[PDB]
Amino acid sequence: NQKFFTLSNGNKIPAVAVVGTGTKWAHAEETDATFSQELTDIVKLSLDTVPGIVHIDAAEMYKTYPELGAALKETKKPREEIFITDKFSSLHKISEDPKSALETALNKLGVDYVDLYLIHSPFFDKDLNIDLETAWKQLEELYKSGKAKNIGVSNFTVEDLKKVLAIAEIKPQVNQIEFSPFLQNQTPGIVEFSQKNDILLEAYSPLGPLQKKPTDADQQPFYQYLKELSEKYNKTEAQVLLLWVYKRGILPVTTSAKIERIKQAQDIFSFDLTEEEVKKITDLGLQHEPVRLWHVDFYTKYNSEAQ
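Residues numbered from 1 in each chain as written, not as in the entry; some residues may be left out. Heavy atoms only, no water.

Method of structure determination, per the deposited record: X-ray crystallography was used for this entry, reaching 1.94 Å resolution.

Short version of the rule: UniProt positions are given in the numbering used here, feature names are shortened, and annotations may be inferred rather than shown by experiment.
The name that the PDB entry assigns to the protein is NADPH-dependent alpha-keto amide reductase, with the source organism given as Kluyveromyces marxianus. Recorded in UniProt under Sequence similarities (unreviewed entry), the annotation for the protein is "Belongs to the aldo/keto reductase family."

Put into structure tokens, the structure is as follows:
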């Protein structure tokens, strides 16, 4: 049965996000502003066939509202069975501000609200004429109006979260960070801070370790153990790592080209890990050097405290 996290405002969010719109397949020199049929196809197929509430992770910066919008319009899936995360692009300016960005998004996607809206980065584009405080206040208004059922941030440090909390009427409910066995603190102390302050973490790129296993993986304790757990529960290595993220109290955000892996991702709650197992993945993971896929130019300086 499907599991949910409860945010600080009492609302429920599916405890895994199985469909992402950040990744696509386009046969052209210039894949930007090429519509990807294959993306819209896998999104639609996922909405139509994956059981339970389907949690989709979208963002203004991905430039794939058209693909997403086509799927939402044609899907047989009821709106109440879809949880849509969307994100204002603060790192690279595309709209003036959040209020406009969401409006533009709602129109393209043909829905009347998103379930979760995030500020995508604390590193605001120099070209914006809004700062974090004002961007947040706009999210609080999108929240009060009901156009964002829930609001939050992404890739924020402790210091960035503290800035929001100092001016917030509505406390940010979510902080989506990169998190994996090989990156257990994107920035210093973020996980402990967030989880003590009732801010749900989402983990982007949790399957970093599985992107390409080194050749000598079978000599490495981490991968050996992951295979052992895979065989014990009769589940994929991916499923084990996604469930571990959940057991850490964090919401894994994953994506795949293959409907099989999307279904598998949704089905992680068909088994459980022991506390010993959870501890051991954590510990074995921490022995690896950090692997960072996102916000690399900004947060490479924090790699020393990431593991």
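Don't stop here, the text continues.
**Notes on the overall build of the protein**
Short version of the rule: Secondary structure elements follow DSSP: runs of H or I of four or more residues count as helices, runs of E of two or more count as strands, with numbering from the N terminus. Just to be clear, the radius of gyration here is over C-alpha atoms, and the globule rule we use is 2.2 Å times residues to the power 0.38. Relative accessibility thresholds used throughout: buried, under 20% of the residue-type maximum; exposed, over 50%; partly exposed, between the two (1.4 Å probe, protein chains only). Note on contacts: a residue pair qualifies if any of its non-hydrogen atoms lie within 4.5 Å across the two residues. For the area figures, the Shrake-Rupley method with a 1.4 Å probe applies, and any residue is considered shielded solely by the protein chains shown. We score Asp and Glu as negative and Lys and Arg as positive, and we do not count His or the chain ends. All charge positions are set by atom: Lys at NZ, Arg at CZ, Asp at CG, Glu at CD.
Looking only at helices and strands, the protein features 11 helices and 10 strands. Against the globule reference of 19 Å for 307 residues, the protein gives a C-alpha radius of gyration of 19 Å, in line with a compact fold. Here the C-alpha coordinates of the protein stretch approximately 50 × 45 × 45 Å along the principal axes. Split into buried and exposed, the 307 residues of the protein put 52% on the buried side. Across the protein, contacts joining residues at least 24 apart in sequence account for 76% of those joining residues at least 6 apart. Only carbon and sulfur atoms are counted for the fraction: they give 48% of the accessible area of the protein, which is about 14300 Å². A distance of 2 Å separates the average location of the 36 positive side-chain charges in the protein from that of its 46 negative side-chain charges.

**A short note on the packing of aromatic side chains**
What characterises a pair of aromatic rings is the spacing of the ring centres plus the angle enclosed by the ring planes. Convention followed: Classification of ring pairs rests on two measures: the distance between centres of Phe, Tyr or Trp rings, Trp counted by its six-membered ring, which must be within 6.5 Å, and the angle between planes, read as stacked under 30 degrees, edge-to-face over 60 and tilted in between. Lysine NZ or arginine CZ positioned within 6 Å of the ring centre and within 35 degrees of the ring normal marks a charge as sitting over the ring.
Evaluated as defined, the whole model comprises 11 aromatic pairs. Here the aromatic rings of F179 and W244 are separated by 5.4 Å at their centres, their planes lie at 15°, and the arrangement is stacked. Of this pair, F179 sits in the loop between β8 (174-178) and α6 (190-196) while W244 sits in helix α8 (residues 237-247), placing them 65 residues apart in sequence. Given a relative accessible area of 0%, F179 falls into the buried group. Here the aromatic residues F123, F298, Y299 and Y302 are joined through ring pairs into a cluster of three or more. When the ring centre of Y113 is taken as reference, the NZ or CZ atom of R79 above it lies at 4.1 Å. In this arrangement the basic side chain of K280 is found over the ring face of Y225, its NZ or CZ atom lying 5.5 Å from the centre.

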